[PDB]
Amino acid sequence: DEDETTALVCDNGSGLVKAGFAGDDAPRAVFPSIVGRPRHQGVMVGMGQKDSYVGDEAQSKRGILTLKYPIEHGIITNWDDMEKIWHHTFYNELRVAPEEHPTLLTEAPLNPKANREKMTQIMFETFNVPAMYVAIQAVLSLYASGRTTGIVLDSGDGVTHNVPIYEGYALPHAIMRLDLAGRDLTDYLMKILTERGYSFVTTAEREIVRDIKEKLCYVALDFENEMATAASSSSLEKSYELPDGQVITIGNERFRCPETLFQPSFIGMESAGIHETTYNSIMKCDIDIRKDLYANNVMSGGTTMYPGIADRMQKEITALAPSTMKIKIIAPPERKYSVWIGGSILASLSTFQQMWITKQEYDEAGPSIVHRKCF
Amino acid sequence: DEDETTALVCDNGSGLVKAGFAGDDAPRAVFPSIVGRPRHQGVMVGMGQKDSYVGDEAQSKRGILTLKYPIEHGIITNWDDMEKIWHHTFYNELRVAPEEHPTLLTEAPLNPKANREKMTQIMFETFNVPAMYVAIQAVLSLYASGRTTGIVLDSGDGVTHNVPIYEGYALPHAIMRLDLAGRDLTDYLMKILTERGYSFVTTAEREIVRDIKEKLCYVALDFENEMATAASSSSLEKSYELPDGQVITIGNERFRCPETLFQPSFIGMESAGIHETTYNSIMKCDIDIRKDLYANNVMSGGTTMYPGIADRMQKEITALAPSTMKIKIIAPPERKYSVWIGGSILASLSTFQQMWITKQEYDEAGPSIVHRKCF
Amino acid sequence: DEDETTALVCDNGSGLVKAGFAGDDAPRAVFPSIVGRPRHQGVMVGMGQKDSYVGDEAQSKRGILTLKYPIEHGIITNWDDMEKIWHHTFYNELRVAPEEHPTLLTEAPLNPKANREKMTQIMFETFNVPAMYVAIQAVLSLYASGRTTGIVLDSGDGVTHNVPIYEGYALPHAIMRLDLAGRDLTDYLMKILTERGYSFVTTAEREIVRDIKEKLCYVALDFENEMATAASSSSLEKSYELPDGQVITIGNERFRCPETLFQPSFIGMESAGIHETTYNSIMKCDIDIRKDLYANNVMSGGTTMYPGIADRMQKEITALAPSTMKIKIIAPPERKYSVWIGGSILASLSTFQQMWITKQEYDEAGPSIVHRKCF
Amino acid sequence: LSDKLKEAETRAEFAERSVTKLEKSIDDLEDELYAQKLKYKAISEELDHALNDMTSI
Amino acid sequence: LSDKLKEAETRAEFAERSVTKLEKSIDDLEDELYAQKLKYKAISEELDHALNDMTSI
């Protein structure tokens, strides 16, 4: 299908998997990072029915499946389920076997080493990829956005890494890893929805709450004022259709879910929020770095698609940041897909052809080689 | 013409026994679950006269026989009479000996386990069947009806089981079994026909009422409005010919009997009826498995052949159901016989040839094997 | 009959309701949380006969009544039946007039708000109670158990709360709330008793199974070894006498019912089981919290009364827990009554007097006041 | 034939009733499709007309 | 009875065609309703989406 040995690119986290080939401007296919298994005893014979379901298969038949994510809080733990995901991710939908194509995968410097080691090892030992590279998602978001400098606040599914980069250099001492992410925002929402009479416990119920969140919730620019109205009037309530015909009406709960990003104490976290971490990543850097990082706060990844988040962050950051200086957010429509796009850009750069770990180097050094070669 | 060891299929209720061989689309013959015995003193001699009559023999000579049905609410208690029925069924009409063929018998999922153990034991120790398989009646209607998914409402002669099945899987926690069946409907009708001046008490009289019900009764869609006119005018009455040439004309009793299925309080049971049990089975299933069970209300067995029932059941579930959801009923002509048909289908599946208990496995394990091999 | 102008305490749930006055160490009486209504047509006249019966009245005359409870998995929906229960409980059984006494009612902290709002509203608007306080069941359990710290497993009729508390503080991010409870265990037992040949359908039949469960069921220390013998030999069977003189003999089913708490799949629930959810509540807490929660697994509510439950829970946690830590179950005689007792303690604490909502404050603020003063 | 007639009559009556149920359901679909179009394209197309103005400025 | 049967059976089969014609029309109207619902939905949502994106400016 490919007319060149183009690298394959995939952003595969605790949430979703985005994949396509280097040189495109988008993933060709997007899957959840899910492997599903039946939680019921079969009654009818000759029904087909799989032992395990992968990605979209897992969500489509979820009514009787338990759905697990092989990646949690930024790290792969279930390597077996990841092999099934990688095959589906790169071959079943793109029709490209990694054996003849280099592969670029993503993480961050505070992401435990086993993640980068298993990503590299699986593609080399199970898929026989000729080469590998592990990228920082912040690097890729900045390439996609047309920047070398900025803070990439990736507010994803299992972890927020908040990684500062200046003029193409990582500033790792200033990375603020926060135990608050989209999966926790889902948990908050089901607890507040329980307060309103709608309890969600099972896998199907969990996936529904994540759908409610993704389509109904918003950040807005001022939560105290938003709550003063949302808590007082039905005019800010929105109906969501549960896939059984029931309707759930969500009010100030509609923004109190994402509000956790500005109030982590809601889920038991000792933090003031993502704008505080953006501020601190910049603060930890020398002042001649800081001025450019404040002027280039970058949104990437998940949750960046909640209405009001790019503008709320600029307001919250300028409120912490020194005056006179211009504080600005970079938040293009190429948001959440900027990490994948940067992977395409990086994988295909002529200068990046010297940055790939080759299979021969891998076989000689072992799985730990990624720590010597990626960043 | 049986030159192949095809499995035999025999569905045995409190009402009728449907039997034929696997691979056909209908039972070859119906044995109406009966062993009859004379209740009078003989005076003439050299009259032949059996100690007991079986199946159609019991009905043909019923004028002086008491008719005993071996199965109560779908449970075989009089196993000796079932052996008489099975010998007659298999050898005289199907023209087969179970010794040369695998045999498939059926029962509701919550039917006490003793029943499935005896069905397995009898065919192996009395009939020397080379193999056995006790099937779920709900499953068999789904095969016959072209479904893998739906609520199967088996409103037959014995017990109404009501079991939700999704993608070929049982959802057993959502089974809503009712002690409401065709034999209670007949008793109710005998009492309300007594109110009209036609008392029915004894076996011959009981058989007449059962025949009246099957041919004259209906449910319609609105009981109270149907009663308002049935109780006011001869235009909703229907006449039935009694065996001795007398005629009984029946008015609102024509529907008051069938109505018991929707109003079980008519026979003293604390229940809301079959449409609420069907609805609750959908409700008790997971949130991502209800949008499919609403669209798949599946009929099984008899009473599904009452005029107005296909639409009343779809209507009652629709009335109980939330809006937005699509509610649909499956009520094929393969009614009152869909379970037998499913038995033929199941017995014959290539994927089912490993589900059969062989005689050697049975002899080594005993009757309890049915719970290890069938369900 | 009480000698002080004290507060009243009433732990009214989906199962049973316990009541007495603040300052005692036990409720005066426990009643089923039931309002009963006739399900039969009367024939004799001058027979008295109520439109509705409450508590002991509802159970005493149950032979001709259909019985309902007002609380659905911890949530009050039938506030009119709650009114009947509270009136009878306070007026006839505690022999007090709520108008002259503060009243304390209970609910899980994650219970939908309507529950706490109706408890506060009805006692103030229909009973004219001078003051109210909706209490947290986990708090009450710890006060009865002699603790400030631990995981409270109230494993009740409605819902299992499972909340970690440390030094008197809630740790809400770690509440592994679960929709698995005693009411499901009863329905499960009815289905498995049906498998053994003893069908149950009606309210009387349900009350009988509940009584069977409460006297015969147990958890055991090892489910697999217990079933290996119980399912193979009469030596572990125990009989129960049904009120009509029939005898039911129960084997491994005797423990399969409580086993459901550890194995939720038995009722179609997707859950790790009460011991793993307990483990996770401990593990979700900080390192300097975990050691104290391991040593303090705290029981309240029903189901904590099954023989072997305290010991199986301690074994399940120690088997998952790290070494060095001493894992302990707190399962005092105050079992099932831990919440009522705690209610008495809380209502009477001098440090709690300012926490009571007065009638004047209620009338000025309206029903929403419960969230300003209680929780 | 009397039974075949009663059965055919049941079928005829069934079909008359089934047709009646479907006369009702066709009219309900004729009215629901009508109402949905009448309110849906009329409102959402109107919302796109409003787009013509909403997105002005 | 043969003639009454022919009429009941003919009327039943014919009426059964009216059953399948009304039924088919109901399914087609439902597919149209669905498509209409889908377009309604798509339009209201496309506008609400775009409006949420464009509420600001």
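Residues numbered from 1 in each chain as written, not as in the entry; some residues may be left out. Chains lettered and ligands numbered in written order. Part of a larger assembly, values for the part shown. Heavy atoms only, no water.

Regarding how it was determined, this PDB entry cites cryo-EM in its header, along with a resolution of 7.8 Å.

(A) Quick look at the packing of aromatic side chains. Inspection of the entire model under this criterion finds 26 aromatic pairs over all chains. Seen from their ring centres, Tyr279(A) and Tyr294(A) are 6.3 Å apart, and the 50 degrees between their planes marks the pair as tilted. With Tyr279(A) in helix α9 (residues 274–283) and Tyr294(A) in helix α10 (residues 287–294), this residue pair connects regions lying 15 residues apart in the sequence. For the pair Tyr279(A) and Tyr294(A), a shared accessibility class is recorded, and that class is buried. Taken together, the aromatic side chains of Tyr188(B), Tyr218(B), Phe223(B), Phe255(B) and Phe266(B) make up a single cluster linked through ring pairs. Seen from the ring of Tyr69(A), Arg183(A) lies directly overhead, with NZ or CZ sitting 4.8 Å from the centre. We note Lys118(C) situated over the ring of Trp79(C); from NZ or CZ to the ring centre the distance is 5.2 Å. (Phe/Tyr/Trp six-rings, centres within 6.5 Å; stacked < 30°, edge-to-face > 60°. Helix = DSSP H or I, 4+ residues; strand = E, 2+ residues; numbered from the N terminus. Buried < 20%, exposed > 50% of the residue type's maximum accessible area, 1.4 Å probe, protein only. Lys NZ or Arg CZ within 6 Å of the ring centre and 35° of its normal.)

(B) Helix α5 (residues 182–195) of chain A, seen in detail. Residues and elements named next belong to chain A. Compared with an ideal rise of 1.5 Å per residue, which puts 14 residues at 20 Å, α5 spans 20 Å between its outermost C-alpha atoms and is within 8% of the ideal. Those residues of α5 that fall on the buried side of the exposure criterion are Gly 182, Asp 184, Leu 185, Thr 186, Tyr 188, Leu 189, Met 190, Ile 192, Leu 193 and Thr 194. In this fold, the buried residues of α5 make contact with α6 (203–216), β15 (247–250) and α8 (253–259). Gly 197 sits one or two residues past α5 and shows a positive phi near 105 degrees. (Expected span 1.5 Å × (residues − 1). Contact = heavy atoms within 4.5 Å.)

(C) Seen up close, the environment of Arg210(A). All names here are of chain A. Mapped onto the elements of the fold, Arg 210 is located in helix α6. By relative accessible area, which is 12% here, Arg 210 ends up buried. The spacing of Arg 210 and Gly 182 is 28 residues in sequence and 8.4 Å in space, taken between C-alpha atoms. Apart from the residues lying within four places of it in its own chain, the contact partners of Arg 210 are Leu 16, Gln 59, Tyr 69 and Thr 186. A distance of 3.2 Å separates polar atoms of two side chains, one belonging to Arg 210 and the other to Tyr 69. (Polar contact = N/O pair within 3.5 Å; in protein donor to acceptor, adjacent residues only side chain to side chain.)

(D) The sheet that holds strand β6 (residues 65–68) of chain C, seen in detail. Residue and element names in this part refer to chain C. The strand order across the open sheet built from three strands is β5-β4-β6, with neighbouring strands paired in antiparallel fashion. Strands with a single pairing partner mark the edges of an open sheet, and in this sheet they are β5 (53–54) and β6. With four bridges joining them, strand β4 (residues 35–38) and β6 adopt antiparallel strand pairing. Residue pairing in the sheet places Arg 37 in a bridge with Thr 66 of β6. Across the sheet, helix α2 (residues 79–93) touches β4 and β5, and the angle it forms with β4 is around 115 degrees. (Pairing = 2+ DSSP bridges. Axes fitted to C-alpha atoms, helices over the stretch in contact; angles between N-to-C directions.)

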